[PDB]
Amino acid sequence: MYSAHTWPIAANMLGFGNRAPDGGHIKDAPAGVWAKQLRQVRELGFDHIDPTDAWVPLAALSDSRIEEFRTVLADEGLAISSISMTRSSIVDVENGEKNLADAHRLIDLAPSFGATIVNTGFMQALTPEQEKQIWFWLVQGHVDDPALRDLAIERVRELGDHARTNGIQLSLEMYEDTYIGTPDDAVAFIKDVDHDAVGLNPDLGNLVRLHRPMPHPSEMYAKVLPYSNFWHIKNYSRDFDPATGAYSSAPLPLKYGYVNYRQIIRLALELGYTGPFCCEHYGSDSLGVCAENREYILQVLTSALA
């Protein structure tokens, strides 16, 4: 596997969004604008990023703009270890075929950067009601259509074939209200896919934040880590008040939230986990917390691998 100091721990770029400081789309911005965003990430200690598809859209750039991007990525001291598609489901009713095609494009781009994972999930656009809430997860939004599960499996396998040929893997991001929205459902889904270049991304912070019953993360992670090839890793406080029935959660650094990631990262290692990490953190100071989380993971790994 990697050693602690070379294990990729990527900054997820979704917090930058896709608007340029001048008001247009980031896809059209001069490379120097991209460079200043990347610089903020390097300043906080990262070696790796995950550009997502919610920042500079690599699948959409011309080949010459890809090379402009490649130059500033290197100049700013960074590399891409994974590419995570966000709210771009391959079974979106309107855009699923486009999203599938973009996923294939990202599988071809990934090896050129040295990236080893393309990640997809079944989350879709936030609904208007979700956008009004203090956090989007406070109300249910998109719920996967049961009639499209077989299509989802077919398209996952198609992507996995391409990934395998390119020497990389596809990862499937666990997310609420989707085909892979509970530990048992995720396990059954990855077993049904039956593809040696596809694995889970156990982004269980997505579940721990929810105001609904949830098994303890120790139990959930033990189920899904054996099938995991990539890891969006974030934490939340979690609380409940039996007398009222109120739940609460707050995004927090890995060290401070409800999951014990010292125990869980060590468990992952024990279970043979070898995939890259990706620090995500919706809300709060997303980038600043991700940077603390990277340092945290590096200490945990250093101790566990010594």
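In this text, residue numbers run from 1 along the sequence as written.
The mean C-alpha temperature factor is higher for 187 to 195 when 209 to 217 and 187 to 195 are set side by side. In this entry, the higher average B-factor at the C-alpha atoms falls on 20 to 28, of the pair 20 to 28 and 289 to 297. Looking only at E270, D241, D53, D47, the residue with the top Cα B factor in the deposited structure is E270. Per the PDB entry, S112 shows the highest C-alpha temperature factor of the residues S112, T120, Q130, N201. Sort the chain's modelled residues by C-alpha temperature factor and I80 lands in the lowest third, per the entry. Ranked by C-alpha B-factor against the other modelled residues of its chain, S228 falls in the middle third. Ranked against the other modelled residues of its chain, the C-alpha B-factor of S62 as given in the entry falls in the highest third. Among the modelled residues of the chain, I180 sits in the middle third by CA temperature factor in this PDB entry.
Compared with the other modelled residues of the chain, the Cα B-factor recorded for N235 ranks in the lowest third.
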